[PDB]
């Protein structure tokens, strides 16, 4: 199989006698296929930055094992050559402490695996607008990736109401260093949606939020280049192309 970097893929396997699914060390969780009772699914994701050239997964059954090979593609993402160089940014201690603390808080959440669906059918978009900046835009020195846009931006004047893309539980609902006012929602099975740069937050940590319910108003918090909504999806432990993942998830779970 082939997969473009920064994308997720739904793998399908026989349910009967299945014991586990592995990638070296790492176990990969599985969930039911919602339409076919003889199948199970797993989500597999390639990082954007520095992915392997190929990946070999193994599914262990009682009777036998099944090898899955996946080749990484580069895709056709927009990229610009960086001119300066990263050097390294030297922020003041107070900011470095804040960033490092927020990072830890995020990793703990992103590696919680909720083994049931908290969603309700298909994802919807968080507002009815259009994309102003795409997933995957890269900056390169030495044709190696220095940075990339890890979500997608939708046009929004400050104050545009923003709606949950699907049901779940809120896990983050506060001002954070680069993200501004942030909401992150757990949808189950390790799928998280992300809403950044809000001017207002209307939900609370631990709250159960239904699809289409209001979660805030858009703003420009944390942003240099003007107001906009940044929407992200993290799944299989990585940031992935949100519109790509939404169309693949919906093809399977549309009620």
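Positions refer to the first chain, counted from 1. What we label the rigid core is the largest C-alpha set whose atoms superpose within 1.5 Å from one form to the other.
S.K.: So if we fit everything on the core, which stretch drifts more in 8 other deposited structures of this protein, 217-225 or 44-52, C-alphas only?
M.R.: Relative to the shown form, the greater RMS C-alpha distance in 8 other deposited structures of this protein belongs to 217-225.
S.K.: Is the larger C-alpha RMS shift in 8 other deposited structures of this protein, relative to this form with the rigid core superposed, found in 85-93 or in 113-121?
M.R.: Looking at 113-121 and 85-93 in 8 other deposited structures of this protein, the bigger mover is 85-93.
S.K.: Per the record, averaged over C-alpha atoms, which has the higher B-factor: 200-208 or 183-191?
M.R.: It is 200-208.
S.K.: Between 156-164 and 73-81, name whichever shows the higher mean Cα B factor according to the PDB entry.
M.R.: Stretch with the higher mean C-alpha B-factor: 73-81.
S.K.: If you check the C-alpha B-factor for each of 176, 149, 104, 116 in the entry, which is highest?
M.R.: Reading the PDB entry, the winner on C-alpha B-factor is 104.
S.K.: Kindly indicate the residue among 130, 110, 123, 90 with the greatest C-alpha B-factor in the PDB record.
M.R.: Within the set 130, 110, 123, 90, 90 shows the top C-alpha B-factor.
S.K.: Which third of the chain does residue 145 land in by C-alpha B-factor: lowest, middle or highest?
M.R.: As the PDB entry reports it, the C-alpha B-factor of residue 145 lands in the highest third of its chain.
S.K.: When the deposited Cα B-factors of this chain's modelled residues are ordered and cut into thirds, is residue 68 in the lowest, the middle or the highest one?
M.R.: As the PDB entry reports it, the C-alpha B-factor of residue 68 lands in the highest third of its chain.
S.K.: Which third of the chain does residue 23 land in by C-alpha B-factor: lowest, middle or highest?
M.R.: For residue 23, whose C-alpha B-factor we compare with every modelled residue in the chain, the answer is the highest third.
S.K.: Can you work out whether the C-alpha temperature factor of residue 224 puts it in the lowest, middle or highest third of the chain?
M.R.: As the PDB entry reports it, the C-alpha B-factor of residue 224 lands in the highest third of its chain.
S.K.: Please say which third, lowest, middle or highest, residue 230 falls into when its CA temperature factor is compared across its chain.
M.R.: Lowest third of the chain for residue 230's C-alpha B-factor.
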